[PDB]
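Chains as they are written, first to last, in the deposited numbering: chain A, 3 to 430; chain E, 3 to 430; chain G, 9 to 187; chain C, 9 to 187; chain F, 1 to 256; chain B, 1 to 256. By construction, the Cβ of each residue, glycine as well, lies at the ideal position given by its N, Cα and C atoms. Just below is one structure, and these are the notes that go with it.
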Ligand code: HEM
Ligand code: HEM
Ligand code: HEM
Ligand code: HEM
Ligand SMILES: C/C=C(C)/C=C/C=C/[C@H](OC)[C@@H](C)[C@@H](OC)[C@@H](C)CCc1oc2c(O)c(OC)cc(OC)c2c(=O)c1C
Ligand SMILES: C/C=C(C)/C=C/C=C/[C@H](OC)[C@@H](C)[C@@H](OC)[C@@H](C)CCc1oc2c(O)c(OC)cc(OC)c2c(=O)c1C
Ligand SMILES: CCCCCC(=O)OC[C@H](COP(=O)([O-])OCCN)OC(=O)CCCCC
Ligand SMILES: CCCCCCCCO[C@@H]1O[C@H](CO)[C@@H](O)[C@H](O)[C@H]1O
Ligand SMILES: CCCCCCCCO[C@@H]1O[C@H](CO)[C@@H](O)[C@H](O)[C@H]1O
Ligand code: FES
Ligand code: FES
Ligand SMILES: [Sr+2]
């Protein structure tokens, strides 16, 4: 896509292979892509996510060599890993805390894109592929959390399969089909294990298209100004090759991220966990302090904010003749919050790519970022006053940002002029 | 790199998508590759193999939702599938017999290549990738057979992990590492399940490279004469586009293959199985009539043919100061039989591609095909006289074919003239 | 004419049917297996239950609450008027489907002492906490904050309906047959 | 000069060490876990074993054969000369590692009545069939056709060595301690 | 050891259109309960499956009454109780009596010729034939070579091939001369040992075939469903293959 | 329910360089065996782990003698026998006494502020502090609001938050007034209830801290190994990060 020099076989082994299968040529053109010179530290989270996916897979596969997906043995088999398997305690904590690191990385990755307009044309496909990866990660992470068969494991599985029971008409059928019976039991544990194994490979396939997508268009940069393509001379002044300049910066950033991550795993591996999952699943009692995994809290807070008392719920119930009650409304709101984020390329009507040059946009974006942290915090609180209102106000702003502010902003805002080229911004 | 027409976006959705991610362009240029007009019915086994990998994966994932990899529960959980799970009896038999269909297809696939010289230059990479897939299939099929935890399951796992114990010096360390203990127990069952799940995805990844390899060079044809590449005019007289002409022909052949396959599974699902695997694993006794899965029999016959009495074994032991005894010799011979087949592009010194025009080669090739059937048959017999000799003669010819006949044949044979072009052979 | 056009339809139509016949068993295998569908009934010993105690029992892989209600619980339940309930249906398998959610239609006996119901929150399936919990002297579901009253009727939160009452009847003075 | 050349070596060297430290625990987790390494000893009641009976017992997840040999078995074992054996080592943990495979050095007692050994074929680990099987009045392994004699010594087939004899000793008249 | 000869019984369930005889399976269940159950268990067969379609199909009230005769240890309680339909048949009461759940598939009665496997391709695996042959193959007199050498507690059986054999019954190479060998199972059947309600004959021949059919269903309860699926799948792919043949042929007409 | 106050005990194992005190773990094991074991089990702790490094590290002969006191039902034999080191501690003798294997990790003593989790980030989860607080938090007199309303068979504990509370101990919104609530565990400790061999003091304070440390080790036996790995990984990645910084810096010099 970008003008650049191509591969040429030099060794006799290379000349032989290149004339049969140009796999070395493909690795060369991939790793040597001209990348904008002016990428800042927010462009590292792609490599961090890639490492996480590899970390989870290899630690996951290893854990599966010692784990038993059976209700009488699942919890005991995890303690067998922790106590008896060579290094099992560390591999378990790496897989568990690795999921947390995985989700810290996506949220920074996503909000980076939302700020710099990395979802705007010609990058819609990259964004949509990203959203599919994100759904798979959550579904994958959900099923992983069920496997230890603790109290949070068992009752989270009941609730999350219950979401599908809220669908009118067919909901109860889908729920029984997912459950394999009337209630969460052994049949559910066995199938979640198989699907927890499968989905990371589907994520890997999506990541390949994800990587293919932004290689076709080229990486965005903080200015939103595209690389000049009229000649190799000025394309090279806007860019440097990905390897070595940006490989090493990413590997460096990764080493710092992993330095912190291994300190957590080594010295506070349970901080981001829920203590109640060290209690064996008891199907006859729900813990009083049940709370989702922290990376689920914003969407959990959104779902439970919409009770029967909420005015908009009562309108929905009336207009829908009772079909959309508080139960189904909250499920729609939760999945709807994810859907509107997927539709953001067609809701943001501004032609300016980078939010750096959009004065009004900056205000509402940082409110959304603050809102996301707030949503995480209220998710762990009780549903009493004032948290019930904080979650309604927070939920309201999330939908308003994508559905109201962004369409309106693109037809009112007066943006500042961006630089002429990437080179100008880099030298500055 | 055959001359052909390229993709052009037509729909508005295609113009939109093609400028962001040219996945439709890639599928078009892939599915419309000009393929030689004169392919015969021996070119279908590639598509059958592709179907099998998909069949095994989807039936595997489904079976994995109800199977428990634990020695106290594995066998019972398989009977639960057979008796209680909706359609479980059919999904189990499809997965088991599907492995047999998978291996029938590779052997026809391999011998097709061996006859028509599909391994000769420029197709070396395709052949080696095929060989890697073949090794992965055997390792995958081996671990699958262990999962039911029948008598054949348990003792096959003991024997096949024992192969690695025969390596001097490091053999016992590797064996203990594979076993997870001194002998075959639960730790082994748990890890074979994880690896049985993983490897089919590696095969799928290898198959993608496998497909990439022969798309770069173009398919071989029965004449061994390459497609004319000097112009589109004469490339089209030698070829027709893969879709529809060869898609439909493959789907047709597949429908006929699956018709037969489903008759076996429906009406004689246990014919290709061993009845002793319906007996629970007994670690204190080996069945008298233990026999490998039919697709392993030729290599099993080779390994056990080399006893302490065999003259060539006694030479190896003397020259190697006892390092290479009958035990290790049989393992080298077994893996060596596979290795010499991988090296056949560099041992066949004849410049004529297709064996159709090699009069002497035909004789020795069909002896190898007969030898392969013979090797399969003796594998199921006792080790008493005369079967012990039949397996020595059969084993001897396998190595002679690759190491003696084929090098010699390429410097002695007087080949027949092939056709001038693919078009000439097709019209005839 | 349309003679060779029909073949390409008939071929594709047969392929679609063949695919559908193959996809359905891949879906239907996840539906309840024969051991699960072989639903079974149970008997609960009740001689040890004093007023104010809730017994929680497993039935078909889910909790069933058998509470011997106190005098206060019964009085509160009968004092609620129909128009004050979120869900006015009794949700009671033992009587008519259209029965009203009066406290009388929520118990097995006429005296209203024995409240038998599924201990499964009608929102998303968590198990509400009893012992006179919540804001209506009944049960509190800690998962998203549903409050049930002393008859198990939904009063507050996301849950749409009253806790369902299974088929249950006293076989003798001290034994209830569930299902 | 050579100041930035040493860094690129030191950096790569540090990366290599860090990688090795990460790969080893992924390999070592498949080695025997602490429950497996906690090897344990056992005791076998033997008062019920008449001559001509083989008792097969599980020990460390593998079979151990305890055969009370008959008169014929003992006579046959002592009649074999050393030069007729495939493997001339006793393979006996209870005595010197270099001891010869005489029938006397293959039994726990001097009378040679009690043959205790691992019932694990030395070829590829199958369990040989006893009851005076094979061509040498001993055991026959059905997996690839190894024949053992009345003292468990390999005589024919692919198996390279005599069946190993574990640490074993009579604790009293009727009890053997294995390990 | 080796393979051997089995009596080729014509079972109703054999052939692509073969199906179980409902009354025969019920008779076989009666034989199993009154004779075999004393020693043999069926730990993988759920008792409730006697009601399922494609088997004995007993009314669900009868099966509930039938389950009562078994004393089952409740898992939670740990105390004994009456059996339910949801319980499996008990384990073998006799420690060395093998489980019969899958016996009709874990034994092959047809072998060869010369280990080519053509016999099984046409006659089936032959598990119920083998079972039948064992129940039938108890002769009143042993082979002449063991007139004074029978092991105590064992019995000569014509079809059993994995048993021990006296030294006087082996040839110069140690291979056994007798068609069969000595089995630890005493002859279980005898003329009119079972009183069938409908007056069906209860000769050793009939009972051996009846109980062999019952043990085949217990091993492959979904046998009839499997064949129905085979017919359906075969008819689908036959039509599809024909349609795909005409499509492929009519396409290449404009090429050759 | 909610969170509450725990006594901030200074345990040796706290802090990045914290490690178990071997003698303290031995005292805690003595307390568990002589007091807690009457009701509580530890079904996930192998008895053999008392010898493993990073714990009490008792000689293997002492551990073998210790295992003897338990009567275990052998799985194959089914008959009772003496315990081995390879057996786990028994299940809880008292049906409603929870298993203590993972108690020190399944409870959080530090909460908030306002559910932000900053307290746990600096003070840890606080499980052994919670256990200590429960063993310490049994007052002789209950709160004034329940002088004549104590449930029979229950006992007031300052730190226990999940127990029932009398109606007279709730505010106008039904929230409990008392710092804690009523627990079903009777006060297990009392001054000098255990006689330590080395003469160490056995006050309720000392025994509560000692047994809390033992229950922390039983939950996290590999605590010391985990930190060693953390240090190693951190030193590796510190060196690697520095080297990667200089490499990245010296590279971009020929660009900017
Ligand atoms: C496992 C999960 C993911 C992986 C491994 C991954 C990987 C990457 C990588 C390596 C890059 C290039 C470097 C960078 O910009 O950080 C990138 C860019 C990007 N990703 Fe992701 N990503 C993941 C998830 C997502 C998600 C969830 C979204 C959005 C919902 C997303 C949207 C984007 C966008 C918009 C870009 C910028 C592309 C450009 O600049 O042209 N990604 N991703
Ligand atoms: C994106 C990739 C993955 C994510 C986000 C993920 C997430 C998780 C999480 C959060 C848990 C719970 C851990 C705990 O409760 O302490 C878990 C458990 C588990 N996962 Fe994964 N996982 C991934 C990939 C895999 C893969 C590929 C496997 C392959 C076998 C696997 C196998 C397991 C097993 C066996 C467990 C139970 C053991 C344990 O709890 O640590 N995981 N997973
Ligand atoms: C899962 C296993 C496999 C799959 C799915 C597969 C698939 C295919 C397909 C679809 C083709 C093109 C059509 C054809 O020529 O039949 C092909 C070609 C070929 N494959 Fe495979 N194959 C597999 C295994 C193997 C193995 C085991 C070998 C050799 C040891 C091999 C070597 C070849 C060769 C030599 C060709 C001919 C390429 C050409 O004509 O240029 N493949 N394969
Ligand atoms: C190339 C791909 C595969 C091959 C050749 C293969 C082969 C086999 C074979 C021969 C068996 C023994 C079946 C029997 O004894 O009746 C088996 C068992 C099994 N396999 Fe696979 N398999 C493949 C892929 C998979 C995958 C991807 C999964 C899981 C996602 C899977 C899951 C299972 C399970 C659960 C069993 C035990 C149930 C049974 O025995 O039918 N397989 N496999
Ligand atoms: C076979 C595979 C299946 C059926 C996969 C289904 C996947 C569904 C969604 O992922 C795509 C889902 C995970 C995702 O919804 C968008 C999350 C944000 C759901 C958030 C979530 O979590 C909870 C949780 O974790 C709990 O644990 C202790 C308990 C919970 O109740 C209190 C919840 C809960 O109330 C909610 C709303
Ligand atoms: C974690 C994964 C691991 C360690 C995978 C290892 C894979 C090794 C090879 O695959 C690449 C191996 C399967 C392949 O050797 C080339 C086969 C031809 C092995 C043939 C084979 O089969 C047997 C078998 O099936 C049995 O069952 C009843 C019993 C057996 O004894 C009698 C054998 C046997 O004696 C041999 C040689
Ligand atoms: C284990 C079998 C391996 C066969 C491999 C192969 O390529 O077959 C060689 C011949 C091809 O026939 P031809 O081009 O010599 O032309 C002469 C054709 N009559 O193929 C056939 O004879 C096709 C059917 C073979 C099935 C066993
Ligand atoms: C393409 C058409 C192939 C038809 C193959 C039919 C194979 C029928 O096979 C028969 O199946 C019966 C059903 O159990 C077995 O009882 C018989 O032993 C077996 O011969
Ligand atoms: C980038 C480096 C981050 C270092 C994080 C160190 C966090 C130490 O955390 C401490 O760990 C102790 C032992 O695990 C716990 O006992 C303490 O409660 C906890 O505060
Ligand atoms: S699950 Fe019971 S209230 Fe949400
Ligand atoms: S395993 Fe005993 S002979 Fe090969
Ligand atoms: Sr502290």
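| query | result |
| --- | --- |
| Compare the Cα-Cα distances from residue 274 of chain E to each of E:285, E:96, E:56, E:148 and report the closest residue. | E:96 |
| Could you pull out every residue in the same chain whose Cβ sits closer than 6 Å to the Cβ of residue 93 of chain C, ignoring the five residues on either side in sequence? | 109, 161 |
| Does ligand 12 have a heavy atom nearer than 8 Å to the CB of residue 10 of chain B? | yes |
| Pull up the distance between the alpha-carbon of residue 124 of chain C and that of residue 180 of chain C, whole angstroms please. | 16 Å |
| I believe residue 121 of chain C touches residue 77 of chain C by the beta-carbon criterion, under 8 Å. Please report the beta-carbon distance rounded to the nearest angstrom. | 6 Å |
| Three or more beta-carbon pairs under 8 Å between the segment 10 to 18 of chain C and the segment 136 to 153 of chain C, yes or no? | no |
| Do residue 1 of chain E and ligand 6 come close, with the Cβ less than 8 Å from some heavy atom? | With chain E covering 3 to 430 only, the question about residue 1 of chain E has no answer from this structure. |
| With a threshold of 8 Å (Cβ to nearest heavy atom), would residue 154 of chain G be considered close to ligand 10? | yes |
| Is any non-hydrogen atom of ligand 9 found closer than 8 Å to the C-beta of residue 121 of chain B, if you look at the structure I gave you? | yes |
| With 9 Å set as the bound, which would you pick, yes or no: does the beta-carbon of residue 158 of chain C sit closer than that to a beta-carbon of chain E? | no |
| Give me the subset of the segment 36 to 69 of chain C whose CB atoms are less than 7 Å from a CB atom of chain A, sorted by chain position. | 36, 37, 38, 39, 41, 42, 43 |
| For ligand 10, any of its heavy atoms closer than 8 Å to the Cβ of residue 306 of chain A? | yes |
| Apply the 10 Å Cβ neighbour rule to residue 105 of chain G and answer buried if 16 or more other Cβ atoms are within range, or exposed otherwise. | exposed |
| So which residues touch the region around ligand 4, with touch meaning a C-beta under 5 Å from any heavy atom? | E:58, E:59, E:62, E:63, E:65, E:66, E:69, E:94, E:97, E:98, E:101, E:142, E:143, E:146, E:147, E:149, E:150, E:199, E:202 |
| What runs of the alpha helix (DSSP H), each 4 residues or longer, lie entirely inside the segment 247 to 334 of chain A? | 249 to 269, 299 to 307, 313 to 321 |
| Measure the beta-carbon distance from residue 328 of chain A to residue 310 of chain A and round it to whole angstroms, keeping in mind my assumption that it falls under 8 Å. | 4 Å |
| For the segment 120 to 138 of chain G, which residues have a CB atom closer than 7 Å to at least one CB atom of chain A, in sequence order? | 131, 132, 133, 134, 135, 137 |
| Looking at residue 143 of chain G: is its Cβ nearer than 9 Å to the Cβ of residue 177 of chain G? | no |
| Would you call the CB atoms of residue 117 of chain E and residue 358 of chain E closer than 9 Å? | yes |
| Do residue 295 of chain A and ligand 2 come close, with the Cβ less than 8 Å from some heavy atom? | yes |
| If the cut is a Cβ gap below 8 Å, which residues of chain F does residue 12 of chain G touch? | 250 |
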